[PDB]
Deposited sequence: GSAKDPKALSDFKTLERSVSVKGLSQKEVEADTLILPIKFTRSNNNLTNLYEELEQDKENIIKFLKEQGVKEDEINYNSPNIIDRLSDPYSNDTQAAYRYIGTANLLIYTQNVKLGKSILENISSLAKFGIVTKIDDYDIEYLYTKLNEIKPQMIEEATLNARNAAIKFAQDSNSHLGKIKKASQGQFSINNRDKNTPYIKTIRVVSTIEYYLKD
């Protein structure tokens, strides 16, 4: 009348963890007819941004800086046209790489204070990274926990028919907490 019976349980491993890496790129841009003057204002912009980051808790060894990217437009602020401008435009990037992930919130709310110096900072939310770089290291024990939780629900009794493993998910806790990640895995076990 019946040929087999099997029971299926899904085991859940879930953990909140704190991101260990914050990558925060701060771009700032200037224009000038004289290229030497563009570099001097960028360099002065860079010094003021660094001072604000150090006040915020960032250390010097967490700040990285590439050569500014300079575009020659060959324009002039005298030529009567609808598209006249300064000849050169330069954009620079101060790239923060730190394990002090809780610094990011305060940096992003106060960076407007640099408007004083005439600094134009652009920070793209898409390129702000809060990572838990230990993610792959923690997977084996969470897989065991899920598989184990599945077995113990089955207790509450033959061999194992099928074993499957979902992929890990990793989500921010709240919107206000990007430096805290929720990590989940589900292990599915079917017994006879």
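In sequence order, the deposited-sequence ranges that have no modelled C-alpha atom: Since the structure holds only modelled residues, the stretches it omits are 1-12, 169-176, 213-215.
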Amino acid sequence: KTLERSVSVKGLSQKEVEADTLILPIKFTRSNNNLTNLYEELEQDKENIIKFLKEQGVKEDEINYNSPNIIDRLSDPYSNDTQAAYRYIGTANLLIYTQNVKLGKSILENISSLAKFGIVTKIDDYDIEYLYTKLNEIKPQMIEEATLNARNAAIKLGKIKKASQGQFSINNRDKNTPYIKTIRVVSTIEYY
From here on, numbers count along this sequence of modelled residues.
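Higher-scoring stretch by recorded Cα B factor average, 120-128 or 55-63: On average, C-alpha B-factors are higher across 120-128.
Per the record, averaged over C-alpha atoms, which has the higher B-factor: 21-29 or 167-175? 167-175 has the higher mean C-alpha B-factor.
Sort the modelled residues of this chain by their C-alpha B factor and say whether residue 7 lands in the lowest, middle or highest third. Middle third of the chain for residue 7's C-alpha B-factor.
Lowest, middle or highest third: where is residue 38 by Cα B-factor in its chain? CA B-factor rank for residue 38: middle third.
B-factor third for the C-alpha atom of residue 152 within its chain: It falls in the top third of the chain.
Going by the entry, which third of its chain does the Cα temperature factor of residue 159 land in? For residue 159, whose C-alpha B-factor we compare with every modelled residue in the chain, the answer is the highest third.
Third assignment of residue 107 from its chain's C-alpha B-factors: According to the entry, residue 107 has a C-alpha B-factor in the chain's middle third.
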